[PDB]
Every structure is written in C-alpha cells, then in structure tokens.
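Asks: below: the sequence, then the experimentally determined structure.
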Amino acid sequence: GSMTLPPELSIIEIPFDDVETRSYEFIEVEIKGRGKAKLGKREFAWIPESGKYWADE
Amino acid sequence: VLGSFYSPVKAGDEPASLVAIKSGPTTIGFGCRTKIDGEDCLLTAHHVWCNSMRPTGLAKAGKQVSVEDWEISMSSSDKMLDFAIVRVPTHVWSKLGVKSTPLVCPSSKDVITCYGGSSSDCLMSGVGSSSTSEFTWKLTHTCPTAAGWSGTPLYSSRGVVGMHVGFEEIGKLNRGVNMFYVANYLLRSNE
C-alpha cells in the first residue's frame, strides 16, 4: 500500500509521506482535481498538473 | 501615483542589502543579498533571471558590476513562487558595498518598506503591511509596487519577512513569497 520508502532508495515523493510526516501544518492546495501541492519539513512535492512530474514549465 | 504613494530615496542611503538587476540600459528586476545555501547568495524573482532578458550587470547606487557565469543554487519554474537564487562571489559584494541581511520569520501583520525605481540612481519607496496566508509559502502585502519591482524584499525593522513576486488583485493586494519556509523547509542541501 501507500508506505514510506527507506533512505536506501534514490528518490521517493508520495503525498502520503506528506499527508502526515510534518503533522503540524501540512500544506493543502489543490486545483483542477488532478493536481495538488503539498508541503512539509522533510518533503517537497507539489505539481498541479496531469503528469505530476513537472511537465508544465 | 508617482510621488504620492512613493517617496524618493537618497542614492547611497538605500538598503545596503538591495541591488538593482540591470539588463543593458533597462532594469529587469530587484534582488537582495542573503544566506540561503549556507554561505551567501543573491535572492531575486524567477522570471528576472530566467524568462526576462539576460542579466548583464548589477547596479547599486550608480556602482555597476558585470554579471558573469554565476552558479545558481535553485530556482522553481512555478509562477506562484517565482524565485531564483544566484551564488555570487564575495569579491563582487564589496564592489557594490552589499551587506548580507538575513530573512526572518514573517508575521500576521508587520510593517514593510518596498524599494524600487527605474534605475539604482533613481530610487523610490512605498509603505505597507505584510500578512501570512494559510499556505506558509504565500504572503500578502499592501506595499505599493510598480512595474519592474519584482524581486524587491519586504524590509521590516526586524529584517526581511518576504519578497515581492507579484499581486493577488491588481490595484488591491500584492503577493509575496515566504522565503523563510522555502529556505529551511523546501530547499534541501542536495541540490
């Protein structure tokens, strides 16, 4: 299921690890229903597009 | 509006942390010196150092130096954040007499002074307040800005709370980016 991956891996950025991880004030910005930005102290995941891999600009 | 909402700034009396980014005979934006990666760097808007014309030199109170191949720390291509971080050598800071004014944590309502102008020799300033949005990366400010002021830091008595990137509603409210959160939360020491 949706679980965090060990630091032994290269790069992994899933919304789950940012749902919770920084539980104080995790950013919540959504748009178009297909894209959503999230913030955190140990994560950087934010792409309001269809690919979610940064294919807009 | 020029003269009423803005007040002329005495050349040489302007913040030693603010610098004007010039592209030939025209200015492309504003920026400031601050610590983000750990050493020292120049903070400005993304467009200015990406979408706008090629930055040829930096101007500070008439003093202008040439911009060479300077390494860029990181710059998000997003239009909401729109920021760029350039790593400028230390022997360049002194050439213009630029100091490193650190950015601090913004507040719900703090006083800010925005500085801008057509050139570094023709500077003016505005006065407004800064606020924090629900999103820790978005700041709201009433500081009266003009065209070409993008990159101007929100100077407060306590320090810099954010940087002017655009506006929320034309003629109503502007928009600034919270570098504090991007610096110690979004930016990693890997890139």
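Replies: That came through, no problem. Numbering: from 1, shown residues only, chains lettered A, B, ... in the order given.

Asks: please identify the helix or strand for the closest residue to residue B:116 other than its chain neighbours.
Replies: Of all residues not flanking residue B:116 in the chain, residue B:149 sits nearest, at 3.8 Å (CB to CB, 6 or more residues apart in numbering or on different chains). Using the backbone N, CA and C atoms, a C-beta is placed for each residue, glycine as well. Taking DSSP states H and E as the definition, residue B:149 sits outside all helices and strands.

Asks: from chain A, how far off is residue B:149?
Replies: 23 Å (CB to the nearest CB, to the nearest Å).

Asks: hang on, that residue packs against residue B:165?
Replies: No: counting by CB atoms under 8 Å, residue B:149 does not reach residue B:165; the two are 10.1 Å apart.

Asks: where does the closest residue to residue B:173 other than its chain neighbours sit: helix, strand or coil?
Replies: Excluding the flanking residues, the one nearest residue B:173 by CB to CB, 6+ apart is residue B:140, at 5.7 Å. What DSSP: H, G, I helix; E, B strand; the rest coil gives for residue B:140 is strand.

Asks: which residues does residue B:140 bridge with?
Replies: residue B:131, residue B:175 (DSSP bridges).

Asks: pull the number of nearby residues for residue 12.
Replies: As the question left the chain open, I've gone with chain A. By other CB atoms under 10 Å in any protein chain shown, the residues close to residue A:12 number 12.

Asks: let's do chain B instead
Replies: Using other CB under 10 Å, residue B:12 is surrounded by 13 other residues.

Asks: show me what contacts it?
Replies: residue B:61 (CB atoms under 8 Å, 6 or more residues apart in numbering or on different chains).

Asks: and it, which helix or strand is it part of?
Replies: Using DSSP H and E, no helix or strand contains residue B:12.

Asks: and it, how far is that from residue B:153?
Replies: Per CB to CB, to the nearest Å, residue B:12 is found 18 Å from residue B:153.

Asks: would you list the phi and psi of residue B:91?
Replies: Per-residue torsions, residue B:91: phi -70, psi 0 (degrees, to the nearest 10).

Asks: residue B:98 - nearest residue in space that isn't next to it in sequence?
Replies: Distances taken as CB to CB, 6+ apart place residue B:33 nearest to residue B:98, at 4.7 Å, with adjacent residues excluded.

Asks: who does that neighbour form a beta bridge with?
Replies: Per DSSP bridges, residues listed as beta-bridge partners of residue B:33: residue B:42.

Asks: burial count for it?
Replies: Residues near residue B:33, counting by other CB under 10 Å, number 24.

Asks: wait, residue A:54 sits on residue A:46?
Replies: No: applying CB under 8 Å as the test, residue A:54 and residue A:46 come out as separate, 9.4 Å apart.

Asks: who has more neighbours out of these two?
Replies: It is residue A:46, of residue A:54 and residue A:46, that has more neighbours when counted by other CB under 10 Å, with 23 against 12.

Asks: contact partners for the more buried one?
Replies: For residue A:46, the contacting residues are A:27, A:29, A:36, A:37, A:38, A:39, B:78, by CB under 8 Å, 6+ apart.

Asks: backbone dihedrals for residue A:15, please?
Replies: Residue torsions, per degrees, to the nearest 10, at residue A:15 are phi -50, psi -30.

Asks: show me what contacts the spatially closest residue to it that is not a sequence neighbour?
Replies: Sequence neighbours aside, residue A:38 is the residue nearest to residue A:15 in space, at 5.8 Å (criterion: CB to CB, 6+ apart). By CB under 8 Å, 6+ apart, the residues touching residue A:38 are A:15, A:18, A:19, A:26, A:27, A:28, A:29, A:45, A:46.

Asks: interface residues of chain B facing chain A?
Replies: Contact residues (CB under 8 Å from any CB of the partner chain) of chain B with chain A: B:77, B:78, B:79, B:134, B:135, B:136, B:137, B:181, B:185, B:186, B:188.
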